[PDB]
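Everything on this sheet refers to the single structure shown next.
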Amino acid sequence: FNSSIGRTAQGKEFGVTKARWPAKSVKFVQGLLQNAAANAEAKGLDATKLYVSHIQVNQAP
Amino acid sequence: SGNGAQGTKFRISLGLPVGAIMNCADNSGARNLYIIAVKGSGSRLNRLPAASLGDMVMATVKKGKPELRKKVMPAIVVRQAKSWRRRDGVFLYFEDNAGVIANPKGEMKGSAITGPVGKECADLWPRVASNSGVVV
Amino acid sequence: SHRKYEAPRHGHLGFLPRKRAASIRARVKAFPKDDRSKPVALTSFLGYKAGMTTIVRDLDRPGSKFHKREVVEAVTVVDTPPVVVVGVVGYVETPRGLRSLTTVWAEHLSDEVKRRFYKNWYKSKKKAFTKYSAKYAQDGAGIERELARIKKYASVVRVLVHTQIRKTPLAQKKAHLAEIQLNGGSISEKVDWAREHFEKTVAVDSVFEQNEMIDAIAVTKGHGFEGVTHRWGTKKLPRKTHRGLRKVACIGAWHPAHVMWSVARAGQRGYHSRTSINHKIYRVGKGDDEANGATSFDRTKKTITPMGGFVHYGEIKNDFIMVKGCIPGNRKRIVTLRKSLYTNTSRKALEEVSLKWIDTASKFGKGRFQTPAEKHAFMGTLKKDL
Amino acid sequence: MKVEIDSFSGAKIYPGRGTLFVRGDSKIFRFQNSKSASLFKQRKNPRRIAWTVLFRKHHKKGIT
RNA sequence: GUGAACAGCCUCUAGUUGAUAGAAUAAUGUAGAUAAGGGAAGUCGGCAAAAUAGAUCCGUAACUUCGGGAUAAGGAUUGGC
RNA sequence: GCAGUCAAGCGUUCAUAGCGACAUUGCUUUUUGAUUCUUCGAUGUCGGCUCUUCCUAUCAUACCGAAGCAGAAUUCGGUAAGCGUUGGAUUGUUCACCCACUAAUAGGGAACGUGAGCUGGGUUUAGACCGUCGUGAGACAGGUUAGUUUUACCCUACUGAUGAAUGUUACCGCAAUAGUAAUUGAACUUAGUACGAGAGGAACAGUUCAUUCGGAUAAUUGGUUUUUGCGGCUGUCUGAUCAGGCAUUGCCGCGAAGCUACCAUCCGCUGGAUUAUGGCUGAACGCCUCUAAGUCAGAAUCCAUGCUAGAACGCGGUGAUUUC
């Protein structure tokens, strides 16, 4: 969902010309990314070896 | 410009287009001649032809002595009142807007140019700089 | 129908794509034709400008009306540190024109141009060329065959030079490079000329002398994404109009249903690599020595540096070389100085031309005075005690 | 040299600096900067202007 | 308060700080300006803009239905103590 | 509208120097006709302003030929579209017709170029008047005045500007291709001379400047002002003073920096190949001939040196290439 936004400089670390800083939508992703940590650690796993094999966003009504 | 050029001019800063009310400055009787063209100028669309110092313009009369009226006169600008530079790098400018009625070979109709005279119409029109007054 | 009133075309067509250039430095297209009976000397020079000053002269134009009688004239002054040459690179003949088959550096390369190849200096451990200095550690066992591979080959050999920023008030600390054609002769000592001038500088009178026609190649200053009235120069459409006041009016007809390359619309203005040719030189003056702004009969010991210095550049105590008119590009740039292409005929070169009054007046104001020791004893004693 | 001392404040005129105003009564008026000329369009007499040397000389400041 | 004035402009009592915000000034814009030397030469056409403009004194033509035109046109003065 | 064929004759004499009777063969789609093939669930259908290119059926420039051309002026033609072709009065005007200057003031086409570019003066609305016609409503390609000109943020085109991939990263270059620009005039001079026994009156090479266009630059001058820099002035408000607010930037005068002006200054290169045309050598044709092979000079023409961009899939030389 690129079109008609401005170029930046910080995006070329990932090999793209244009980027953003979606400061609100990030803030609900931390609210899960300690919650998923809050029960993966509290299952019996370690906490220094996790990674996200499946992230998913699909649109609501 | 042309008809009587015993030499040539440098470029002076041209600042009198068609429509200039230049005040006549001799004893030709009519004080106020109104410019209609110049002589020796090019052409591009919507550009007014502009009069220089010292050039021979063609310029009708407007008021005055009722014998040289309702015709077209050949004329010559004597002082300009636009800040030209000259080659010494000084910026002269007069106050008056002068002009003398002349006939085409280039020695004018009246008998006494009054007031000051721009000094670079000396060599261009030598037959009227002899009948000048205070020059420079 | 036709266009009802014929007029010339606004803007030159052989200068587009009017685009911002490669770097601050502009490349040079060509060099003079070599003639191998001449002494070996380099043909174009690298320097910085400071800002233009004013000059009166004494015209030797027999025939005109200001013969032997005064004028003013606009000189500019470009200045130069003693630039210093750090290696040659030979180009051989081929059906693709020129081709680099060599490179040979010095042994002690300077830190000002070990600066240049890096783009993030201080984090680096500075380790450029430190395996290439191993080759000179012998008698010449990797270079004497290499220079034999540029004596025998490489029908055109051009040598590269680099400035002295450390002797110049331009706070950049990062020098520059180029090439320069060598238009002397005897190709295999045209090589060995540069073999001598490793780790040594070269002057500014080494390439130019007085009263000759230099040729300027430089870059232009820039003004950003400019519109269409300043860009090309087209007419302002009248006050009555709607959707603008200073656009271009109509672009094309119906057919061709695609707008031309020849039509004048907005974009980039400035910071192109322009040129300007046939500029006259006046005074290749030495900076360190006696009274570089003292002309023939002013007899007043001063500099060419105006009162309070040049604006945005500072003072010149280095070498300087002054140029009639206006070289393209504003202050603090790398303007280069090509030599001629043809020996002139128009009696505008092929004379001697003198000099009568250089200036010192404060170009950071409407200045009045010529020496800080001259406004002192003119005004008297100020509230500042003498 | 080609020095000139002007007609409003005794300032200095060098070739490559300054203007000149003639009048219809044939009187030259050499100035240096437009400060010394825009006062003259407004008709400012130089003997009541606090920086001119024409005013400076007339009150015993730097002559003896 | 200035002023002739409930005009314009600043303050007192009373109310509000409500108009999505941060950063840097590119083009083209909308609103507001200024500009040498000519002065309608632009244009369907002085449209738009500019210029005088308050007050006091002197003056003020044809024409007229004698009431008017008329602030006709024109020129001078203007602070503070 | 434009171009040829003939040639009765004009042109003292002579058909073609320059024209061309009575005819006759075409070209063009800038005139205006003829037809109605496509658009009537809509191509915004007069003129002007601005802007680019194209065509020549050359008005000027460059070089050349022919003149009942002694010189200037001129009349035809040839290659030539590279570069120029204007300022005003009157009208809604394309057209028209004059006043001027210069080199000339050429004709034309690009949906009768161009309204998501503009103004709306005209006509194709509704208001109103007059003249004629009509009994009347009303009509008149007759006249006269006022009358809302809508959207782009889509794709493409173009003008600019980024960028993955190419062992990395950095520097230095190379040039396929594309664009390319300078144009004309006056005086001094040659010279009152060649020509003409007279009136008149040139040319080339030099100059020295100018006209039109383009690229830059801000030394000096001018325009700019929120640097709100300094000073002045008004009304008000901080008890008075010093210092300040508020007056859409209160107003004024000067104003450095910065940007800019044929409103200032500077700069705008020279070699190769050619066309017309003139020749040499030279047949065909024992001569004769610029041609049939060869061959020279030759235009503002073409291509190169120059001037700009550097193919983001065209490439070359060089440095360093993680002891964690």
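Residues in the structure tokens are numbered from 1 in each chain, the chains being A, B, ... in the order shown, and ligands are numbered from 1 in the order shown.
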Select from region 2-42 of chain D everything DSSP, run on the backbone, classes as strand (DSSP E or B), then give the selection as JSON, numbers by chain.
{"D": [4, 5, 12, 13, 21, 29]}
Should the cut-off be 9 Å, what would the residue list for chain D against chain F look like, counting only C-alpha atoms (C1' of nucleotides), as a short mmCIF file (atom, residue, chain, number, x, y, z; two decimals) with N, CA and C atoms, in the first residue's frame?
data_model
loop_
_atom_site.label_atom_id
_atom_site.label_comp_id
_atom_site.auth_asym_id
_atom_site.auth_seq_id
_atom_site.Cartn_x
_atom_site.Cartn_y
_atom_site.Cartn_z
N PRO D 15 36.88 55.60 -9.69
CA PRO D 15 36.33 55.00 -10.92
C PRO D 15 36.01 53.53 -10.71
N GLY D 16 34.72 53.22 -10.81
CA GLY D 16 34.20 51.97 -10.32
C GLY D 16 33.33 52.10 -9.10
N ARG D 17 32.85 53.31 -8.79
CA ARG D 17 32.01 53.60 -7.65
C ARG D 17 31.42 54.99 -7.84
N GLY D 18 30.15 55.15 -7.48
CA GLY D 18 29.54 56.46 -7.44
C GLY D 18 28.63 56.72 -8.63
N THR D 19 27.89 57.81 -8.51
CA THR D 19 26.91 58.25 -9.50
C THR D 19 27.25 59.67 -9.95
N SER D 34 23.57 56.18 -2.58
CA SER D 34 22.21 56.69 -2.71
C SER D 34 21.67 57.28 -1.42
N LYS D 35 22.33 57.04 -0.29
CA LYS D 35 22.02 57.81 0.92
C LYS D 35 22.30 59.28 0.71
N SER D 38 19.35 60.36 -2.13
CA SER D 38 17.95 60.37 -1.76
C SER D 38 17.63 61.43 -0.71
N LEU D 39 18.62 61.86 0.07
CA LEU D 39 18.43 63.05 0.88
C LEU D 39 18.33 64.28 0.00
#
Skipping near chain neighbours, those fewer than 2 positions away, what residues fall within 9 Å of region 37-39 of chain E using only C-alpha atoms (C1' of nucleotides), listed as a ChimeraX atom specification?
/B:14-21,50,81-83 /E:41 /F:263
Could you pull the residues within 10 Å of residue 14 (chain D), counting only C-alpha atoms (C1' of nucleotides), minus those fewer than 2 positions along the same chain, as a PDB file with N, CA, C and O atoms, in the first residue's frame?
ATOM      1  N   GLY B  89      32.508  54.437 -16.218  1.00  0.00           N
ATOM      2  CA  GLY B  89      31.888  53.815 -15.067  1.00  0.00           C
ATOM      3  C   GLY B  89      31.281  54.824 -14.130  1.00  0.00           C
ATOM      4  O   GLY B  89      31.295  54.623 -12.911  1.00  0.00           O
ATOM      5  N   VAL B  90      30.769  55.919 -14.666  1.00  0.00           N
ATOM      6  CA  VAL B  90      30.000  56.878 -13.901  1.00  0.00           C
ATOM      7  C   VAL B  90      28.589  56.850 -14.457  1.00  0.00           C
ATOM      8  O   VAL B  90      28.388  56.554 -15.641  1.00  0.00           O
TER       9      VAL B  90
ATOM     10  N   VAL C  56      40.170  49.439 -13.408  1.00  0.00           N
ATOM     11  CA  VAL C  56      40.273  50.381 -14.515  1.00  0.00           C
ATOM     12  C   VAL C  56      41.481  49.999 -15.361  1.00  0.00           C
ATOM     13  O   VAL C  56      42.417  49.350 -14.885  1.00  0.00           O
ATOM     14  N   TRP C 357      44.407  50.120 -11.464  1.00  0.00           N
ATOM     15  CA  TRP C 357      43.848  50.300 -10.127  1.00  0.00           C
ATOM     16  C   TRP C 357      43.056  49.057  -9.735  1.00  0.00           C
ATOM     17  O   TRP C 357      41.913  48.893 -10.163  1.00  0.00           O
ATOM     18  N   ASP C 359      41.240  47.155  -6.459  1.00  0.00           N
ATOM     19  CA  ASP C 359      40.486  47.717  -5.356  1.00  0.00           C
ATOM     20  C   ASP C 359      40.704  46.944  -4.069  1.00  0.00           C
ATOM     21  O   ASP C 359      41.293  45.863  -4.042  1.00  0.00           O
ATOM     22  N   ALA C 361      38.000  48.054  -1.608  1.00  0.00           N
ATOM     23  CA  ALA C 361      36.818  48.626  -0.978  1.00  0.00           C
ATOM     24  C   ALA C 361      35.852  47.549  -0.500  1.00  0.00           C
ATOM     25  O   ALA C 361      35.671  46.519  -1.152  1.00  0.00           O
ATOM     26  N   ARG C 368      33.861  52.419   1.142  1.00  0.00           N
ATOM     27  CA  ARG C 368      34.397  53.735   0.828  1.00  0.00           C
ATOM     28  C   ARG C 368      35.913  53.770   0.757  1.00  0.00           C
ATOM     29  O   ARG C 368      36.467  54.617   0.057  1.00  0.00           O
ATOM     30  N   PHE C 369      36.592  52.879   1.466  1.00  0.00           N
ATOM     31  CA  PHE C 369      37.967  53.075   1.881  1.00  0.00           C
ATOM     32  C   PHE C 369      38.845  51.960   1.335  1.00  0.00           C
ATOM     33  O   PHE C 369      38.361  50.880   0.994  1.00  0.00           O
TER      34      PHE C 369
ATOM     35  N   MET D   1      45.704  60.739  -9.149  1.00  0.00           N
ATOM     36  CA  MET D   1      44.938  59.605  -9.645  1.00  0.00           C
ATOM     37  C   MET D   1      43.605  60.214 -10.096  1.00  0.00           C
ATOM     38  O   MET D   1      43.501  61.435 -10.194  1.00  0.00           O
ATOM     39  N   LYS D   2      42.597  59.400 -10.384  1.00  0.00           N
ATOM     40  CA  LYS D   2      41.284  59.911 -10.779  1.00  0.00           C
ATOM     41  C   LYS D   2      40.372  60.028  -9.571  1.00  0.00           C
ATOM     42  O   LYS D   2      39.228  59.583  -9.591  1.00  0.00           O
ATOM     43  N   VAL D   3      40.873  60.647  -8.503  1.00  0.00           N
ATOM     44  CA  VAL D   3      40.095  60.786  -7.283  1.00  0.00           C
ATOM     45  C   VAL D   3      39.129  61.949  -7.450  1.00  0.00           C
ATOM     46  O   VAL D   3      39.372  62.877  -8.235  1.00  0.00           O
ATOM     47  N   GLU D   4      37.988  61.876  -6.770  1.00  0.00           N
ATOM     48  CA  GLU D   4      37.063  62.996  -6.736  1.00  0.00           C
ATOM     49  C   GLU D   4      36.445  63.061  -5.350  1.00  0.00           C
ATOM     50  O   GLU D   4      36.166  62.035  -4.726  1.00  0.00           O
ATOM     51  N   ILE D   5      36.260  64.282  -4.866  1.00  0.00           N
ATOM     52  CA  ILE D   5      35.674  64.543  -3.558  1.00  0.00           C
ATOM     53  C   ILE D   5      34.296  65.143  -3.796  1.00  0.00           C
ATOM     54  O   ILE D   5      34.182  66.229  -4.374  1.00  0.00           O
ATOM     55  N   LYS D  12      34.547  60.075  -0.943  1.00  0.00           N
ATOM     56  CA  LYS D  12      35.572  59.731  -1.915  1.00  0.00           C
ATOM     57  C   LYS D  12      34.945  59.025  -3.106  1.00  0.00           C
ATOM     58  O   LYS D  12      34.099  58.144  -2.937  1.00  0.00           O
ATOM     59  N   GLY D  16      34.722  53.222 -10.805  1.00  0.00           N
ATOM     60  CA  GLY D  16      34.195  51.969 -10.323  1.00  0.00           C
ATOM     61  C   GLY D  16      33.328  52.105  -9.095  1.00  0.00           C
ATOM     62  O   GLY D  16      33.086  51.098  -8.419  1.00  0.00           O
ATOM     63  N   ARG D  17      32.855  53.315  -8.795  1.00  0.00           N
ATOM     64  CA  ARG D  17      32.012  53.603  -7.647  1.00  0.00           C
ATOM     65  C   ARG D  17      31.419  54.987  -7.839  1.00  0.00           C
ATOM     66  O   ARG D  17      32.102  55.889  -8.322  1.00  0.00           O
ATOM     67  N   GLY D  18      30.154  55.146  -7.483  1.00  0.00           N
ATOM     68  CA  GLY D  18      29.543  56.458  -7.442  1.00  0.00           C
ATOM     69  C   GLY D  18      28.635  56.716  -8.625  1.00  0.00           C
ATOM     70  O   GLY D  18      28.582  55.963  -9.599  1.00  0.00           O
ATOM     71  N   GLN D  32      28.205  59.747  -3.946  1.00  0.00           N
ATOM     72  CA  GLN D  32      28.902  58.484  -3.759  1.00  0.00           C
ATOM     73  C   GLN D  32      27.925  57.324  -3.623  1.00  0.00           C
ATOM     74  O   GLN D  32      28.006  56.353  -4.380  1.00  0.00           O
TER      75      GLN D  32
END
Find the residues around residue 24 (chain B) up to 6 Å (only C-alpha atoms (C1' of nucleotides) counted), leave out those fewer than 4 positions away in its own chain, and share them as a compact mmCIF listing (two decimals) with N, CA, C and O atoms, in the first residue's frame.
# COMPACT_ATOMS: atom_id res chain seq x y z
N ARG B 31 6.87 73.64 -28.32
CA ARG B 31 7.59 73.19 -27.14
C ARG B 31 7.58 71.68 -26.98
O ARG B 31 8.42 71.13 -26.27
N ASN B 32 6.63 71.00 -27.61
CA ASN B 32 6.24 69.70 -27.08
C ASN B 32 5.97 68.75 -28.24
O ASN B 32 4.89 68.78 -28.83
N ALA B 98 14.79 65.96 -23.75
CA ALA B 98 14.99 66.95 -24.79
C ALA B 98 14.62 66.39 -26.16
O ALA B 98 14.14 65.27 -26.29
N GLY B 99 14.87 67.18 -27.20
CA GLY B 99 14.55 66.81 -28.56
C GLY B 99 14.54 68.02 -29.46
O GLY B 99 14.02 69.07 -29.09
N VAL B 100 15.12 67.90 -30.65
CA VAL B 100 15.26 69.02 -31.57
C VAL B 100 14.68 68.62 -32.91
O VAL B 100 14.96 67.53 -33.41
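In this model, the gap between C1' of residue 148 (chain F) and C1' of residue 93 (chain F) comes to 26.0 Å.
If only C-alpha atoms (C1' of nucleotides) are the atoms counted, then among C:364, C:136, C:297, C:31 the closest residue to chain F is C:364.
The residues of chain A that DSSP classifies as alpha helix (DSSP H), using the backbone of this structure, are residues 27, 28, 29, 30, 31, 32, 33, 35, 36, 37, 38, 39 and 40 of chain A.
Each of C:57, C:135, C:197, C:4 was compared to chain D using only C-alpha atoms, and C:57 turns out to be the nearest.
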Can you pull out every residue within 12 Å of region 48-59 of chain E, counting only C-alpha atoms (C1' of nucleotides), but drop anything in the same chain fewer than 5 positions away, and send it as a ChimeraX atom specification?
/C:238-240 /E:3-4,43,70-78
Would you mind exporting the chosen residues as a PDB file, in the first residue's frame, restricted to C-alpha atoms (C1' of nucleotides)?
ATOM      1  CA  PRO C 238      -2.332  38.792 -18.857  1.00  0.00           C
ATOM      2  CA  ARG C 239      -3.783  39.837 -15.506  1.00  0.00           C
ATOM      3  CA  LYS C 240      -7.321  38.848 -16.536  1.00  0.00           C
TER       4      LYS C 240
ATOM      5  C1'   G E   3     -12.145  62.459  16.714  1.00  0.00           C
ATOM      6  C1'   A E   4     -17.614  66.209  14.358  1.00  0.00           C
ATOM      7  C1'   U E  43      -7.642  45.722 -24.308  1.00  0.00           C
ATOM      8  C1'   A E  70     -20.661  73.921  -7.594  1.00  0.00           C
ATOM      9  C1'   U E  71     -16.720  70.797  -2.963  1.00  0.00           C
ATOM     10  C1'   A E  72     -17.416  73.175 -10.090  1.00  0.00           C
ATOM     11  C1'   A E  73     -12.271  74.181 -12.233  1.00  0.00           C
ATOM     12  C1'   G E  74      -8.470  75.807  -9.546  1.00  0.00           C
ATOM     13  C1'   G E  75      -4.131  77.709  -5.675  1.00  0.00           C
ATOM     14  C1'   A E  76      -2.138  78.498  -0.444  1.00  0.00           C
ATOM     15  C1'   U E  77      -1.863  76.928   5.181  1.00  0.00           C
ATOM     16  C1'   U E  78      -1.797  72.574   8.726  1.00  0.00           C
TER      17        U E  78
END
Can you pull out the residues contacting region 27-38 of chain A? Cut-off 10 Å, using only C-alpha atoms (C1' of nucleotides), and skip same-chain residues under 3 positions away; I want them as a list in words.
residues 22, 23, 24, 41, 42, 43, 47, 50 and 52 of chain A
Output N, CA, C and O atoms for every residue in that selection, as a PDB file, in the first residue's frame.
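This went into part30.pdb:
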ATOM      1  N   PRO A  22       4.438   4.486  11.342  1.00  0.00           N
ATOM      2  CA  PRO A  22       3.054   4.381  11.835  1.00  0.00           C
ATOM      3  C   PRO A  22       2.951   4.271  13.343  1.00  0.00           C
ATOM      4  O   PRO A  22       2.707   3.187  13.870  1.00  0.00           O
ATOM      5  N   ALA A  23       3.106   5.404  14.030  1.00  0.00           N
ATOM      6  CA  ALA A  23       3.351   5.430  15.468  1.00  0.00           C
ATOM      7  C   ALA A  23       2.182   4.931  16.301  1.00  0.00           C
ATOM      8  O   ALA A  23       2.383   4.566  17.462  1.00  0.00           O
ATOM      9  N   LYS A  24       0.974   4.902  15.751  1.00  0.00           N
ATOM     10  CA  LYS A  24      -0.148   4.370  16.509  1.00  0.00           C
ATOM     11  C   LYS A  24      -0.237   2.861  16.351  1.00  0.00           C
ATOM     12  O   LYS A  24      -0.372   2.138  17.341  1.00  0.00           O
ATOM     13  N   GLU A  41       6.562 -17.703  27.744  1.00  0.00           N
ATOM     14  CA  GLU A  41       7.434 -17.851  28.902  1.00  0.00           C
ATOM     15  C   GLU A  41       6.731 -18.609  30.019  1.00  0.00           C
ATOM     16  O   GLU A  41       7.341 -19.448  30.689  1.00  0.00           O
ATOM     17  N   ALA A  42       5.439 -18.347  30.216  1.00  0.00           N
ATOM     18  CA  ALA A  42       4.669 -18.982  31.272  1.00  0.00           C
ATOM     19  C   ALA A  42       3.994 -20.267  30.818  1.00  0.00           C
ATOM     20  O   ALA A  42       2.947 -20.634  31.358  1.00  0.00           O
ATOM     21  N   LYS A  43       4.554 -20.943  29.825  1.00  0.00           N
ATOM     22  CA  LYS A  43       4.188 -22.314  29.509  1.00  0.00           C
ATOM     23  C   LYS A  43       5.209 -23.316  30.020  1.00  0.00           C
ATOM     24  O   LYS A  43       4.834 -24.366  30.544  1.00  0.00           O
ATOM     25  N   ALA A  47      12.795 -18.085  27.067  1.00  0.00           N
ATOM     26  CA  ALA A  47      12.343 -16.787  26.598  1.00  0.00           C
ATOM     27  C   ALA A  47      13.330 -16.109  25.666  1.00  0.00           C
ATOM     28  O   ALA A  47      13.073 -14.981  25.235  1.00  0.00           O
ATOM     29  N   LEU A  50      12.543 -17.500  21.030  1.00  0.00           N
ATOM     30  CA  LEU A  50      11.311 -17.409  20.263  1.00  0.00           C
ATOM     31  C   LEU A  50      11.540 -16.648  18.967  1.00  0.00           C
ATOM     32  O   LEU A  50      12.429 -15.802  18.875  1.00  0.00           O
ATOM     33  N   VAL A  52       8.762 -15.336  15.390  1.00  0.00           N
ATOM     34  CA  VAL A  52       7.383 -15.205  14.935  1.00  0.00           C
ATOM     35  C   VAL A  52       7.250 -15.903  13.587  1.00  0.00           C
ATOM     36  O   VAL A  52       7.502 -15.317  12.533  1.00  0.00           O
TER      37      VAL A  52
END
